[PDB]
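Trainee: A single structure is presented below for examination.
Note that we place each Cβ from the backbone using ideal geometry, even for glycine, and neighbour counts take in every protein chain shown. Nothing in this text is a laboratory measurement; each read-out follows from the coordinates by a stated rule.
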Ligand SMILES: Cc1cc(C#N)cc(C(=O)c2c(C(C)C)c(=O)[nH]c(=O)n2Cc2cc(N)nc(F)c2)c1
Ligand SMILES: [Cl-]
């Protein structure tokens, strides 16, 4: 097959990211896997004249170790190729479907040759314990999993594979993102699962051996309590929370309510609700129930996700592009392992973003950098990796998105 | 010899051409020394003489070897190196003795003339051209180019290492039972064969190496145990750091104290309990290395305690892959933590130290957690797995912290061990307002140009008060106003602030701070029976917030 010429974005050089230390069991699983891939010609050992590197990890799906390459830098540095030059259009109808199934089709890439001149940029290293030896160095000979270039290049072949099935089912939406296919229909869950089975058979002829419910997706509205008697402290928390909301939702009003907070009162004192405060309150509940008037997705802009730890295995999140301009808010709940729970929430929030916008967010994670770096791999199950940074949650924000 | 191994293809940086620097004219004795050196290298094939067209050039020099009458050829590859491609890193991390398995028998081999025993990419040799100038530079010089890896060229260490690795590979496949560590131009080789069948396997290895152009010391010339390697002393069943001598001096300079701290830091790998806080404190400030620093009393106490620890020699043991690793941590005092890692109590594989602060304000629970994370990482590096921890903190204390703190946090399998001082939380804030506890509405404000400040409070019992602060930031006054309310209130108090800043700091339950204020607030929060902290939006006309906002201005 004829390779597609690939080019880095102008000026900038390839990835030079350091390999993270790996446990012995993961190093062994990677050696096994790469020894096998090498025999099959998918990768080749390289010399020191290749200065690039990207990190690799082992994840365990199933009781089978799998290789995960962290192509975040390469993807960032080749962004002209997979986004503007080629690039898969994202369907707005996908998020509308009653059911969306995610199928892994990463195996497909291993049969397409990679541009000879681009191969050096896919260099990665298997480390050794206590630096007994130099790492084992490899680069790719075929479209690698995890590179955003791979689906971009395999795009026109995927279209042929899917054409009979699309023609036969015009009301099914199929979208490719990185290594996965997203398949949405409005069918009853039995006919839906049957169609996925059929799709698998189509894929199976070309060497490609869970269910979302986007309808069930709705805002996690900032909730104002319904209370029996209100204390000064309670009214204060209310104003605080509505004060925050008014940064986001037009039409939020606070006047009638904090009229109640007059003079210097003991925090536990009971204060009766004004006919007006109660209307204002209710009128605010109306507004919080709905989407944010004035906020729209700008496809030229990165997505950001903030996560808050709420205790009792509950986590709240917001997605926006400019701060406080929420495109979406939600929650994930239910381990007494914080890192494990955070990992799950990140993957779930990422998955939603792909379906909604065909883009992955950069996460602001409420956790020590080193803690996350050591541990996230133990639980990660996806075949992509979002960008993340590490942040200390403002104690206020956590409170205002409480449930 | 020059290895018959295939060459590594090498190129210059994408926009660049090879060097073309001008040979300085040299004295006659230097010209003579170079001719003699180059002729001998030419005979072994290390270099080949050339004439133009080759346009490239790198300057050569000759230096007199020590007091001796031997000459050495120095090549200044500064330019060629700027113009040479980047290579992947040679070897990122060096072996730690604590991570070695025990070996019945071991041999140390160093490759002779390592670089000169490995061939240079044929296409690249021309860029290494240099010129021995003629006497006073009158006639055309004698021009050579390298056929082997030049000393001081950018690519040599990486290409050598990869050549040794390609060469060693076949011997590794056929000999899994045998260990070979590569470090620079050394090999360290070990088995659990008795001396006989080992000396024999070594010879196979030397011979394999010779087939490939690499010469090594014979039995007679191989170093003997113990090995002094990289600051360490390696023996058949223990290791330690090389002997450490702490100088006695009447007066210490900046440079003496830096060197002392370096030695102590090196010693802390295996000597438990070394401390350097009070010695590093001295290093604070701006001074010349020559300047004498009077030892504070605490520094002097610390040097003595260190002195006693070093008095008797200590050693570590090697790693047994079939046993778990246990890690123990102890609080040593003000921000200082020490740890030991053993598999059999209490024969340490190694020890270590942790001090770093993470911010201006922390508590002991956070710090302990950071030390656990740091030890976990080092343990994965050295042994390829995480240790089981024994921590001086009650399970209940840790779970009370984990549940209520806003950051995700987590430590692997651990157990409590009663080794005081134990780590605890020294106060907890109320989760609800306190009935019958006076409510203080506090505020602070500073004028941006003046730096004048007013901190105050109004209470629901009609108390009021404001003090004036000089040269204070708008956020220092917010802390003052809270301190003020703490020191005028009862054992139970509700405090209402509009400072997210102040709230953030207090809500994290600090037990130590770089701030005097925060440290005074803390000693107050400990005294109390109950404290509840609420936050309100500033300037919304809320409650008593307006009243105290008005008094400060
Ligand atoms: C990094 C380095 C550097 C140098 C050097 N120079 C020597 C060694 C070793 O010998 C060594 C090795 C080698 C094979 C990597 C090992 O696997 N395990 C081990 O315990 N040792 C120490 C030792 C063992 C022994 N029986 N007698 C001694 F005296 C020392 C290691
Ligand atoms: Cl769902």
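Trainee: What are the residues in region B:344-357 that are within 14 Å of chain A (Cβ to nearest Cβ) and either surrounded by 21 or more Cβ atoms within 10 Å (Cβ to Cβ) or closer than 25 Å to residue B:239 by Cα (or both), if any?
Mentor: The answer is B:349, B:350, B:354.
Trainee: Sticking with this structure for a sec: Scan region B:82-105 for residues that are more than 14 Å from chain A (Cβ to nearest Cβ) and surrounded by 15 or more Cβ atoms within 10 Å (Cβ to Cβ) and jot them down.
Mentor: Within region B:82-105, B:83, B:105 qualify.
Okay, residues lined up against (1) more than 14 Å from chain A (Cβ to nearest Cβ); (2) touching a helix residue (DSSP H, G or I) at 6+ places or on another chain (Cβ under 9 Å); (3) over 23 Å from residue A:51 (Cα atoms):
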position: B:53; (1), (2), (3): yes, no, yes
position: B:66; (1), (2), (3): yes, no, yes
position: B:120; (1), (2), (3): no, yes, no
position: B:152; (1), (2), (3): yes, yes, no
position: B:157; (1), (2), (3): no, yes, no
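Trainee: May I pose another question? Going by the structure shown, is residue B:190 within 14 Å of chain A (Cβ to nearest Cβ) and within 16 Å of ligand 1 (Cβ to nearest atom)?
Mentor: Judged against the criteria, residue B:190 is a match.
Trainee: Could you list, in sequence order, the residues of region A:5-34 that are out of contact with any strand residue (DSSP E or B) (no Cβ under 9 Å at 6 or more places or on another chain) and more than 12 Å from chain B (Cβ to nearest Cβ)?
Mentor: Selection gives A:5, A:6, A:7, A:9, A:10, A:12, A:32.
Trainee: Do you know which of the residues in region A:305-325 that are crowded, with 19+ Cβ neighbours inside 10 Å and more than 14 Å from chain B (Cβ to nearest Cβ) is nearest to residue A:374 (Cα to Cα)?
Mentor: Checking each candidate, the answer is A:305.
Trainee: In the list B:526, B:522, which residue meets the criterion of being surrounded by 19 or more Cβ atoms within 10 Å (Cβ to Cβ), more than 12 Å from every other protein chain (Cβ to nearest Cβ) and out of contact with any helix residue (DSSP H, G or I) (no Cβ under 8 Å at 6 or more places or on another chain)?
Mentor: B:522
Trainee: Name the residue that is farthest from ligand 1 (Cβ to nearest atom), counting only residues in region A:203-234 that are buried (at least 16 other Cβ atoms within 10 Å of the Cβ) and farther than 24 Å from residue A:247 by Cβ.
Mentor: A:231
Trainee: In this structure, is residue B:265 under 26 Å from residue A:129 (Cβ atoms), under 22 Å from the mean Cα position of the chain (by Cα) and more than 16 Å from ligand 1 (Cβ to nearest atom)?
Mentor: The answer is yes for residue B:265.
Trainee: Going by the structure shown, is residue A:301 under 30 Å from residue A:386 (Cα atoms) and more than 9 Å from chain B (Cβ to nearest Cβ)?
Mentor: yes
Trainee: Filter region A:306-329 down to the residues that are within 22 Å of residue A:250 (Cα to Cα) and part of a strand (DSSP E or B) and list them by number.
Mentor: Listed by number, the residues that qualify are A:306, A:317, A:318, A:319, A:320, A:326, A:327, A:328, A:329.
Trainee: Restricting attention to region A:225-239, which residues are assigned to a loop (DSSP other than H, G, I, E, B) and more than 19 Å from residue A:397 (Cβ to Cβ)?
Mentor: A:226, A:227, A:228, A:229, A:230
Trainee: Still on this structure: Considering only region B:533-545, state which residues are at the interface with chain A (Cβ under 7 Å from one of its Cβ atoms) and assigned to a strand (DSSP E or B).
Mentor: Correct list: B:534, B:535.
Trainee: Just to be sure I understand, how many residues within region B:358-373 are surrounded by 17 or more Cβ atoms within 10 Å (Cβ to Cβ) and in contact with a strand residue (DSSP E or B) (Cβ under 9 Å, 6 or more places away or on another chain)?
Mentor: Number of matching residues: 9.
Trainee: OK, next. State the number of residues belonging to region B:331-387 that are closer than 26 Å to residue A:391 by Cα, within 18 Å of the chain's Cα centre (by Cα) and not in a helix (DSSP H, G or I).
Mentor: Result for region B:331-387: 7.
Trainee: Another one. Output the residue which, of all residues in region B:215-227 that are more than 25 Å from residue B:117 (Cα to Cα) and touching a strand residue (DSSP E or B) at 6+ places or on another chain (Cβ under 8 Å), is nearest to ligand 2 (Cβ to nearest atom).
Mentor: Across region B:215-227, the extreme among qualifying residues is B:227.
Trainee: For residue A:253, indicate whether it is within 14 Å of chain B (Cβ to nearest Cβ) and in a loop (DSSP other than H, G, I, E, B).
Mentor: Answer is yes for this residue.
Trainee: Given (1) in contact with a strand residue (DSSP E or B) (Cβ under 8 Å, 6 or more places away or on another chain); (2) surrounded by 21 or more Cβ atoms within 10 Å (Cβ to Cβ), identify the lone condition not met by residue B:159.
Mentor: (1)
Trainee: For region A:193-214, name all the residues that are within 22 Å of residue A:108 (Cβ to Cβ), in a loop (DSSP other than H, G, I, E, B) and either within 16 Å of ligand 2 (Cβ to nearest atom) or within 14 Å of chain B (Cβ to nearest Cβ) (or both).
Mentor: A:210
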